[PDB]
$ cat input10.cif   # mmCIF, N, CA and C atoms
data_target
loop_
_atom_site.group_PDB
_atom_site.id
_atom_site.type_symbol
_atom_site.label_atom_id
_atom_site.label_comp_id
_atom_site.auth_asym_id
_atom_site.auth_seq_id
_atom_site.Cartn_x
_atom_site.Cartn_y
_atom_site.Cartn_z
ATOM 1 N N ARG D 140 92.669 141.347 135.753
ATOM 2 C CA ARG D 140 92.295 140.058 136.329
ATOM 3 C C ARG D 140 91.034 139.501 135.675
ATOM 4 N N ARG D 141 90.091 140.376 135.321
ATOM 5 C CA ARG D 141 88.903 139.939 134.596
ATOM 6 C C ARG D 141 89.292 139.324 133.261
ATOM 7 N N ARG D 142 90.205 139.979 132.542
ATOM 8 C CA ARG D 142 90.710 139.408 131.299
ATOM 9 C C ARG D 142 91.408 138.078 131.547
ATOM 10 N N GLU D 143 92.256 138.013 132.579
ATOM 11 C CA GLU D 143 93.026 136.801 132.849
ATOM 12 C C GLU D 143 92.114 135.616 133.137
ATOM 13 N N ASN D 144 91.048 135.839 133.905
ATOM 14 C CA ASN D 144 90.083 134.772 134.135
ATOM 15 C C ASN D 144 89.116 134.612 132.970
ATOM 16 N N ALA D 145 89.160 135.514 131.987
ATOM 17 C CA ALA D 145 88.186 135.494 130.904
ATOM 18 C C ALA D 145 88.570 134.580 129.744
ATOM 19 N N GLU D 146 89.859 134.270 129.554
ATOM 20 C CA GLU D 146 90.219 133.435 128.409
ATOM 21 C C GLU D 146 89.736 131.999 128.545
ATOM 22 N N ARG D 147 89.269 131.589 129.721
ATOM 23 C CA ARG D 147 88.891 130.203 129.953
ATOM 24 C C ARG D 147 87.386 129.974 129.880
ATOM 25 N N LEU D 148 86.613 130.961 129.425
ATOM 26 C CA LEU D 148 85.172 130.791 129.276
ATOM 27 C C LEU D 148 84.750 130.391 127.867
ATOM 28 N N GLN D 149 85.676 130.343 126.911
ATOM 29 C CA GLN D 149 85.353 129.931 125.550
ATOM 30 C C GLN D 149 85.893 128.560 125.179
ATOM 31 N N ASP D 150 87.043 128.159 125.727
ATOM 32 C CA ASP D 150 87.591 126.845 125.410
ATOM 33 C C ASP D 150 86.730 125.731 125.996
ATOM 34 N N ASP D 151 86.257 125.903 127.233
ATOM 35 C CA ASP D 151 85.312 124.943 127.791
ATOM 36 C C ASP D 151 84.001 124.957 127.021
ATOM 37 N N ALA D 152 83.618 126.117 126.480
ATOM 38 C CA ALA D 152 82.483 126.169 125.567
ATOM 39 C C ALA D 152 82.791 125.453 124.260
ATOM 40 N N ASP D 153 84.046 125.497 123.812
ATOM 41 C CA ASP D 153 84.461 124.816 122.593
ATOM 42 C C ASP D 153 84.743 123.336 122.808
ATOM 43 N N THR D 154 84.648 122.854 124.052
ATOM 44 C CA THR D 154 84.840 121.433 124.333
ATOM 45 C C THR D 154 83.969 120.551 123.446
ATOM 46 N N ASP D 155 82.701 120.929 123.261
ATOM 47 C CA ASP D 155 81.797 120.116 122.457
ATOM 48 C C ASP D 155 82.249 120.007 121.006
ATOM 49 N N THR D 156 83.039 120.971 120.525
ATOM 50 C CA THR D 156 83.555 120.984 119.160
ATOM 51 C C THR D 156 82.435 120.811 118.141
ATOM 52 N N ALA D 157 82.465 119.707 117.402
ATOM 53 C CA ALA D 157 81.465 119.404 116.388
ATOM 54 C C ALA D 157 80.633 118.217 116.852
ATOM 55 N N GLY D 158 79.320 118.413 116.932
ATOM 56 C CA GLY D 158 78.404 117.346 117.280
ATOM 57 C C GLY D 158 77.360 117.146 116.203
ATOM 58 N N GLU D 159 77.774 117.294 114.949
ATOM 59 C CA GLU D 159 76.885 117.228 113.800
ATOM 60 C C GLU D 159 77.265 116.047 112.918
ATOM 61 N N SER D 160 76.255 115.348 112.412
ATOM 62 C CA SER D 160 76.471 114.192 111.551
ATOM 63 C C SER D 160 75.887 114.426 110.162
ATOM 64 N N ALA D 167 76.504 110.439 105.669
ATOM 65 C CA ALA D 167 76.608 111.893 105.703
ATOM 66 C C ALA D 167 78.042 112.340 105.442
ATOM 67 N N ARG D 168 78.224 113.176 104.416
ATOM 68 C CA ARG D 168 79.560 113.672 104.102
ATOM 69 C C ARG D 168 80.101 114.569 105.207
ATOM 70 N N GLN D 169 79.216 115.223 105.961
ATOM 71 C CA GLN D 169 79.666 116.017 107.099
ATOM 72 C C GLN D 169 80.298 115.135 108.169
ATOM 73 N N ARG D 170 79.709 113.964 108.426
ATOM 74 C CA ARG D 170 80.262 113.060 109.429
ATOM 75 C C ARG D 170 81.637 112.545 109.020
ATOM 76 N N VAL D 171 81.800 112.154 107.753
ATOM 77 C CA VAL D 171 83.101 111.660 107.318
ATOM 78 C C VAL D 171 84.115 112.796 107.263
ATOM 79 N N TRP D 172 83.676 114.018 106.950
ATOM 80 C CA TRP D 172 84.587 115.158 107.015
ATOM 81 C C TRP D 172 85.058 115.407 108.442
ATOM 82 N N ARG D 173 84.143 115.322 109.410
ATOM 83 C CA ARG D 173 84.529 115.476 110.809
ATOM 84 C C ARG D 173 85.499 114.381 111.228
ATOM 85 N N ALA D 174 85.252 113.147 110.786
ATOM 86 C CA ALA D 174 86.176 112.058 111.079
ATOM 87 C C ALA D 174 87.526 112.266 110.402
ATOM 88 N N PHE D 175 87.547 112.933 109.248
ATOM 89 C CA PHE D 175 88.784 113.101 108.493
ATOM 90 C C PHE D 175 89.649 114.217 109.068
ATOM 91 N N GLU D 176 89.086 115.423 109.194
ATOM 92 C CA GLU D 176 89.869 116.562 109.661
ATOM 93 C C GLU D 176 90.411 116.348 111.067
ATOM 94 N N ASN D 177 89.733 115.543 111.882
ATOM 95 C CA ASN D 177 90.238 115.146 113.190
ATOM 96 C C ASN D 177 90.586 113.666 113.126
ATOM 97 N N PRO D 178 91.866 113.307 112.990
ATOM 98 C CA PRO D 178 92.210 111.895 112.757
ATOM 99 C C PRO D 178 91.770 110.961 113.868
ATOM 100 N N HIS D 179 91.768 111.418 115.120
ATOM 101 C CA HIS D 179 91.486 110.547 116.261
ATOM 102 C C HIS D 179 89.983 110.283 116.388
ATOM 103 N N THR D 180 89.412 109.755 115.306
ATOM 104 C CA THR D 180 88.004 109.382 115.259
ATOM 105 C C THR D 180 87.802 107.895 115.020
ATOM 106 N N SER D 181 88.432 107.334 113.989
ATOM 107 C CA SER D 181 88.264 105.931 113.645
ATOM 108 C C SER D 181 89.539 105.413 112.993
ATOM 109 N N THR D 182 89.520 104.122 112.649
ATOM 110 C CA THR D 182 90.661 103.514 111.972
ATOM 111 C C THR D 182 90.908 104.164 110.616
ATOM 112 N N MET D 183 89.833 104.461 109.881
ATOM 113 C CA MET D 183 89.955 105.041 108.545
ATOM 114 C C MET D 183 90.786 106.321 108.559
ATOM 115 N N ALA D 184 90.444 107.256 109.448
ATOM 116 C CA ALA D 184 91.167 108.520 109.516
ATOM 117 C C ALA D 184 92.628 108.302 109.883
ATOM 118 N N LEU D 185 92.892 107.407 110.839
ATOM 119 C CA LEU D 185 94.272 107.084 111.186
ATOM 120 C C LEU D 185 95.021 106.519 109.988
ATOM 121 N N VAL D 186 94.367 105.649 109.216
ATOM 122 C CA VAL D 186 95.023 105.038 108.063
ATOM 123 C C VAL D 186 95.412 106.099 107.043
ATOM 124 N N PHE D 187 94.467 106.971 106.671
ATOM 125 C CA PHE D 187 94.811 108.023 105.714
ATOM 126 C C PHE D 187 95.868 108.970 106.264
ATOM 127 N N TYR D 188 95.762 109.358 107.535
ATOM 128 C CA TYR D 188 96.763 110.241 108.124
ATOM 129 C C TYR D 188 98.157 109.631 108.013
ATOM 130 N N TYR D 189 98.300 108.380 108.456
ATOM 131 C CA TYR D 189 99.600 107.720 108.449
ATOM 132 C C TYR D 189 100.132 107.552 107.029
ATOM 133 N N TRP S 31 95.390 99.029 120.154
ATOM 134 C CA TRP S 31 95.186 99.344 118.745
ATOM 135 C C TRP S 31 95.782 98.256 117.857
ATOM 136 N N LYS S 32 96.787 98.642 117.070
ATOM 137 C CA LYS S 32 97.597 97.794 116.200
ATOM 138 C C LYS S 32 96.815 97.270 114.995
ATOM 139 N N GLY S 33 95.498 97.450 114.952
ATOM 140 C CA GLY S 33 94.749 97.136 113.751
ATOM 141 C C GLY S 33 94.981 98.207 112.708
ATOM 142 N N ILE S 34 95.071 99.449 113.185
ATOM 143 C CA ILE S 34 95.442 100.560 112.316
ATOM 144 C C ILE S 34 96.807 100.300 111.698
ATOM 145 N N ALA S 35 97.759 99.844 112.517
ATOM 146 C CA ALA S 35 99.111 99.604 112.028
ATOM 147 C C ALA S 35 99.142 98.507 110.970
ATOM 148 N N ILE S 36 98.415 97.408 111.193
ATOM 149 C CA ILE S 36 98.469 96.305 110.237
ATOM 150 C C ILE S 36 97.769 96.685 108.936
ATOM 151 N N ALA S 37 96.628 97.378 109.027
ATOM 152 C CA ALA S 37 95.978 97.859 107.810
ATOM 153 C C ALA S 37 96.887 98.819 107.052
ATOM 154 N N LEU S 38 97.554 99.717 107.780
ATOM 155 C CA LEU S 38 98.475 100.656 107.158
ATOM 156 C C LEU S 38 99.594 99.928 106.430
ATOM 157 N N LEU S 39 100.250 98.981 107.103
ATOM 158 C CA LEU S 39 101.374 98.299 106.472
ATOM 159 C C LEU S 39 100.920 97.456 105.288
ATOM 160 N N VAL S 40 99.707 96.902 105.343
ATOM 161 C CA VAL S 40 99.177 96.184 104.185
ATOM 162 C C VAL S 40 99.016 97.130 103.000
ATOM 163 N N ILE S 41 98.453 98.317 103.243
ATOM 164 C CA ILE S 41 98.265 99.275 102.154
ATOM 165 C C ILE S 41 99.611 99.748 101.615
ATOM 166 N N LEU S 42 100.587 99.953 102.503
ATOM 167 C CA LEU S 42 101.935 100.299 102.060
ATOM 168 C C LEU S 42 102.553 99.200 101.209
ATOM 169 N N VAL S 43 102.368 97.936 101.594
ATOM 170 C CA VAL S 43 102.902 96.841 100.789
ATOM 171 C C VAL S 43 102.262 96.837 99.407
ATOM 172 N N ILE S 44 100.943 97.035 99.348
ATOM 173 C CA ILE S 44 100.252 97.058 98.058
ATOM 174 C C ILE S 44 100.772 98.201 97.191
ATOM 175 N N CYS S 45 100.890 99.396 97.776
ATOM 176 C CA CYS S 45 101.341 100.556 97.012
ATOM 177 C C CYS S 45 102.789 100.397 96.565
ATOM 178 N N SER S 46 103.635 99.816 97.418
ATOM 179 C CA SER S 46 105.021 99.564 97.046
ATOM 180 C C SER S 46 105.109 98.568 95.900
ATOM 181 N N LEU S 47 104.293 97.512 95.940
ATOM 182 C CA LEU S 47 104.274 96.564 94.831
ATOM 183 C C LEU S 47 103.830 97.240 93.541
ATOM 184 N N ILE S 48 102.800 98.086 93.618
ATOM 185 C CA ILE S 48 102.326 98.789 92.427
ATOM 186 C C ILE S 48 103.425 99.684 91.862
ATOM 187 N N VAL S 49 104.069 100.470 92.728
ATOM 188 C CA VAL S 49 105.054 101.433 92.247
ATOM 189 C C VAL S 49 106.288 100.719 91.708
ATOM 190 N N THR S 50 106.686 99.600 92.321
ATOM 191 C CA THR S 50 107.842 98.879 91.801
ATOM 192 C C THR S 50 107.513 98.163 90.495
ATOM 193 N N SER S 51 106.269 97.705 90.324
ATOM 194 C CA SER S 51 105.864 97.168 89.029
ATOM 195 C C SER S 51 105.918 98.243 87.952
ATOM 196 N N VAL S 52 105.455 99.454 88.280
ATOM 197 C CA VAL S 52 105.552 100.562 87.332
ATOM 198 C C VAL S 52 107.012 100.874 87.025
ATOM 199 N N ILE S 53 107.866 100.846 88.050
ATOM 200 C CA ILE S 53 109.289 101.121 87.864
ATOM 201 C C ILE S 53 109.918 100.084 86.943
ATOM 202 N N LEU S 54 109.493 98.826 87.063
ATOM 203 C CA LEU S 54 110.044 97.777 86.210
ATOM 204 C C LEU S 54 109.547 97.905 84.773
ATOM 205 N N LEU S 55 108.257 98.197 84.592
ATOM 206 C CA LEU S 55 107.668 98.109 83.258
ATOM 207 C C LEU S 55 107.876 99.378 82.436
ATOM 208 N N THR S 56 107.819 100.548 83.072
ATOM 209 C CA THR S 56 107.822 101.808 82.327
ATOM 210 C C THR S 56 109.086 102.061 81.509
ATOM 211 N N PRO S 57 110.299 101.962 82.052
ATOM 212 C CA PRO S 57 111.467 102.482 81.338
ATOM 213 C C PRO S 57 111.943 101.526 80.253
ATOM 214 N N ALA S 58 112.829 102.048 79.405
ATOM 215 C CA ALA S 58 113.417 101.273 78.319
ATOM 216 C C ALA S 58 114.731 100.622 78.737
ATOM 217 N N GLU S 59 115.726 101.431 79.103
ATOM 218 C CA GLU S 59 117.044 100.986 79.554
ATOM 219 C C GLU S 59 117.808 100.227 78.469
ATOM 220 N N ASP S 60 117.244 100.110 77.268
ATOM 221 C CA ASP S 60 117.844 99.337 76.182
ATOM 222 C C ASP S 60 118.689 100.277 75.329
ATOM 223 N N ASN S 61 119.953 100.431 75.715
ATOM 224 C CA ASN S 61 120.925 101.166 74.919
ATOM 225 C C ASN S 61 121.650 100.276 73.921
ATOM 226 N N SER S 62 121.305 98.990 73.872
ATOM 227 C CA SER S 62 121.931 97.999 72.986
ATOM 228 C C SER S 62 123.421 97.968 73.320
ATOM 229 N N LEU S 63 124.315 98.160 72.354
ATOM 230 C CA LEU S 63 125.745 98.149 72.619
ATOM 231 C C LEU S 63 126.429 99.107 71.656
ATOM 232 N N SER S 64 127.482 99.761 72.141
ATOM 233 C CA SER S 64 128.239 100.694 71.317
ATOM 234 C C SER S 64 129.720 100.343 71.345
ATOM 235 N N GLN S 65 130.547 101.200 70.738
ATOM 236 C CA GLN S 65 131.999 101.043 70.686
ATOM 237 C C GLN S 65 132.404 99.857 69.816
ATOM 238 N N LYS S 66 133.556 99.960 69.163
ATOM 239 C CA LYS S 66 134.111 98.876 68.366
ATOM 240 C C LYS S 66 135.362 98.338 69.045
ATOM 241 N N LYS S 67 135.545 97.022 68.972
ATOM 242 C CA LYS S 67 136.652 96.381 69.668
ATOM 243 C C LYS S 67 137.986 96.827 69.078
ATOM 244 N N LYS S 68 138.995 96.909 69.940
ATOM 245 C CA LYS S 68 140.310 97.401 69.552
ATOM 246 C C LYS S 68 141.054 96.319 68.769
ATOM 247 N N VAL S 69 142.327 96.566 68.468
ATOM 248 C CA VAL S 69 143.112 95.709 67.586
ATOM 249 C C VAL S 69 144.054 94.860 68.428
ATOM 250 N N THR S 70 144.067 93.557 68.162
ATOM 251 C CA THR S 70 144.928 92.610 68.852
ATOM 252 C C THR S 70 145.678 91.791 67.803
ATOM 253 N N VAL S 71 146.793 91.185 68.222
ATOM 254 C CA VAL S 71 147.734 90.579 67.279
ATOM 255 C C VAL S 71 147.078 89.486 66.439
ATOM 256 N N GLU S 72 146.072 88.791 66.982
ATOM 257 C CA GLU S 72 145.411 87.744 66.207
ATOM 258 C C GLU S 72 144.727 88.304 64.967
ATOM 259 N N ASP S 73 144.311 89.573 65.008
ATOM 260 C CA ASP S 73 143.684 90.183 63.841
ATOM 261 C C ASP S 73 144.650 90.280 62.667
ATOM 262 N N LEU S 74 145.934 90.523 62.941
ATOM 263 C CA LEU S 74 146.897 90.759 61.871
ATOM 264 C C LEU S 74 147.046 89.538 60.972
ATOM 265 N N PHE S 75 147.156 88.355 61.567
ATOM 266 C CA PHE S 75 147.429 87.145 60.809
ATOM 267 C C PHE S 75 146.162 86.444 60.340
ATOM 268 N N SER S 76 144.994 87.012 60.620
ATOM 269 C CA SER S 76 143.762 86.486 60.061
ATOM 270 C C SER S 76 143.671 86.825 58.575
ATOM 271 N N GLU S 77 142.807 86.090 57.872
ATOM 272 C CA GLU S 77 142.605 86.317 56.446
ATOM 273 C C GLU S 77 141.984 87.679 56.155
ATOM 274 N N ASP S 78 141.456 88.360 57.175
ATOM 275 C CA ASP S 78 140.741 89.612 56.954
ATOM 276 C C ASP S 78 141.651 90.692 56.376
ATOM 277 N N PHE S 79 142.888 90.779 56.857
ATOM 278 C CA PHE S 79 143.782 91.863 56.469
ATOM 279 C C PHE S 79 144.646 91.535 55.257
ATOM 280 N N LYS S 80 144.489 90.353 54.664
ATOM 281 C CA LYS S 80 145.305 89.987 53.515
ATOM 282 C C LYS S 80 145.038 90.918 52.339
ATOM 283 N N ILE S 81 146.112 91.395 51.721
ATOM 284 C CA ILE S 81 146.026 92.289 50.567
ATOM 285 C C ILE S 81 146.148 91.405 49.331
#

$ encode --input "input10.cif" --output "structure tokens"
Amino acid sequence: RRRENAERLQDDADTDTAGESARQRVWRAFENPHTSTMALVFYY
Amino acid sequence: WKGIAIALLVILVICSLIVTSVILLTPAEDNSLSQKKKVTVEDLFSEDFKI
């Protein structure tokens, strides 16, 4: 039961994902398409 | 949304125009003409075959 309730303590921690901004910012916008029009355009 | 869609379709139209222009300009397709015409009765009585 400890294990069963334990898998949900890291995904909520991973909710923040990437909060860093810049080629890093455009990379974050690219690898995750649901950021701006640009990423959607390249994805499509 | 739909701004993404219109920008996308514009870029697709541009790329399609580019690729079709390349398709038109690149190849040769000029095989000229081959084969020789067969024999018909008008050839016999022409001056060409006179001995």

$ interface_residues --input "input10.cif" --of "chain D" --to "chain S" --cutoff "7 Å" --atoms "all atoms listed in the file" --output "number ranges by chain"
D: 182, 185-186

$ write_last_selection --input "input10.cif" --atoms "N, CA and C atoms" --output "mmCIF file, keeping the file's coordinate frame"
data_model
loop_
_atom_site.group_PDB
_atom_site.id
_atom_site.type_symbol
_atom_site.label_atom_id
_atom_site.label_comp_id
_atom_site.auth_asym_id
_atom_site.auth_seq_id
_atom_site.Cartn_x
_atom_site.Cartn_y
_atom_site.Cartn_z
ATOM 1 N N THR D 182 89.520 104.122 112.649
ATOM 2 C CA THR D 182 90.661 103.514 111.972
ATOM 3 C C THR D 182 90.908 104.164 110.616
ATOM 4 N N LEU D 185 92.892 107.407 110.839
ATOM 5 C CA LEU D 185 94.272 107.084 111.186
ATOM 6 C C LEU D 185 95.021 106.519 109.988
ATOM 7 N N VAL D 186 94.367 105.649 109.216
ATOM 8 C CA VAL D 186 95.023 105.038 108.063
ATOM 9 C C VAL D 186 95.412 106.099 107.043
#

$ select_by_dssp --input "input10.cif" --residues "chain S" --states "helix (DSSP H, G or I)" --output "ChimeraX atom specification"
/S:33-55,71-74,77-79

$ atom_distance --input "input10.cif" --atom1 "atom CA of residue 168 of chain D" --atom2 "atom CA of residue 188 of chain D"
18.0 Å

$ axis_aligned_box --input "input10.cif" --around "segment 147-157 of chain D" --padding-each-side "4 Å" --output "AutoDock Vina command-line options"
--center_x 85.0 --center_y 124.9 --center_z 123.2 --size_x 16.6 --size_y 21.4 --size_z 21.6

$ residues_around --input "input10.cif" --residues "segment 172-174 of chain D" --least-positions-apart "6" --cutoff "6.5 Å" --atoms "all atoms listed in the file" --output "ChimeraX atom specification"
/D:180-181,184

$ atom_distance --input "input10.cif" --atom1 "atom C of residue 76 of chain S" --atom2 "atom C of residue 62 of chain S"
27.4 Å

$ atom_distance --input "input10.cif" --atom1 "atom CA of residue 167 of chain D" --atom2 "atom C of residue 149 of chain D"
27.3 Å

$ decode --input "input10.cif" --residues "chain D" --atoms "C-alpha atoms" --output "PDB file, in the first residue's frame"
ATOM      1  CA  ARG D 140       0.000   0.000   0.000  1.00  0.00           C
ATOM      2  CA  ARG D 141       2.926   2.348   0.665  1.00  0.00           C
ATOM      3  CA  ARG D 142       4.178   1.635  -2.849  1.00  0.00           C
ATOM      4  CA  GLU D 143       0.677   2.053  -4.311  1.00  0.00           C
ATOM      5  CA  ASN D 144       0.294   5.487  -2.731  1.00  0.00           C
ATOM      6  CA  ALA D 145       3.944   6.252  -3.534  1.00  0.00           C
ATOM      7  CA  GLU D 146       3.794   6.527  -7.342  1.00  0.00           C
ATOM      8  CA  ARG D 147       1.852   9.805  -7.055  1.00  0.00           C
ATOM      9  CA  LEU D 148       4.498  11.812  -5.156  1.00  0.00           C
ATOM     10  CA  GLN D 149       6.733  12.422  -8.203  1.00  0.00           C
ATOM     11  CA  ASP D 150       4.287  13.289 -10.999  1.00  0.00           C
ATOM     12  CA  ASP D 151       2.825  16.168  -8.985  1.00  0.00           C
ATOM     13  CA  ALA D 152       6.443  17.142  -8.342  1.00  0.00           C
ATOM     14  CA  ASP D 153       6.994  16.930 -12.116  1.00  0.00           C
ATOM     15  CA  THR D 154       3.979  19.200 -12.724  1.00  0.00           C
ATOM     16  CA  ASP D 155       6.282  22.228 -12.914  1.00  0.00           C
ATOM     17  CA  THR D 156       8.201  20.490 -15.745  1.00  0.00           C
ATOM     18  CA  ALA D 157      10.556  23.111 -17.204  1.00  0.00           C
ATOM     19  CA  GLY D 158      10.507  26.652 -15.841  1.00  0.00           C
ATOM     20  CA  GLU D 159      13.763  27.810 -17.419  1.00  0.00           C
ATOM     21  CA  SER D 160      14.221  30.421 -20.143  1.00  0.00           C
ATOM     22  CA  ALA D 167      17.367  32.190 -25.289  1.00  0.00           C
ATOM     23  CA  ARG D 168      17.861  28.945 -27.205  1.00  0.00           C
ATOM     24  CA  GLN D 169      16.695  27.042 -24.121  1.00  0.00           C
ATOM     25  CA  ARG D 170      13.334  28.836 -24.249  1.00  0.00           C
ATOM     26  CA  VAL D 171      12.798  28.076 -27.939  1.00  0.00           C
ATOM     27  CA  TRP D 172      13.874  24.468 -27.342  1.00  0.00           C
ATOM     28  CA  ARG D 173      11.278  24.186 -24.570  1.00  0.00           C
ATOM     29  CA  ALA D 174       8.679  25.681 -26.910  1.00  0.00           C
ATOM     30  CA  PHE D 175       9.728  23.239 -29.651  1.00  0.00           C
ATOM     31  CA  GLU D 176       9.915  19.890 -27.843  1.00  0.00           C
ATOM     32  CA  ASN D 177       6.501  20.643 -26.303  1.00  0.00           C
ATOM     33  CA  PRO D 178       4.328  21.814 -29.227  1.00  0.00           C
ATOM     34  CA  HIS D 179       1.515  23.232 -27.059  1.00  0.00           C
ATOM     35  CA  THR D 180       3.473  26.415 -26.334  1.00  0.00           C
ATOM     36  CA  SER D 181       2.936  28.885 -29.198  1.00  0.00           C
ATOM     37  CA  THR D 182       1.836  29.174 -32.816  1.00  0.00           C
ATOM     38  CA  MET D 183       5.397  28.556 -34.045  1.00  0.00           C
ATOM     39  CA  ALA D 184       5.672  25.114 -32.434  1.00  0.00           C
ATOM     40  CA  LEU D 185       2.223  24.128 -33.708  1.00  0.00           C
ATOM     41  CA  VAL D 186       3.186  25.247 -37.219  1.00  0.00           C
ATOM     42  CA  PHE D 187       6.380  23.182 -37.307  1.00  0.00           C
ATOM     43  CA  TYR D 188       4.650  20.176 -35.719  1.00  0.00           C
ATOM     44  CA  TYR D 189       1.821  20.214 -38.269  1.00  0.00           C
TER      45      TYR D 189
END
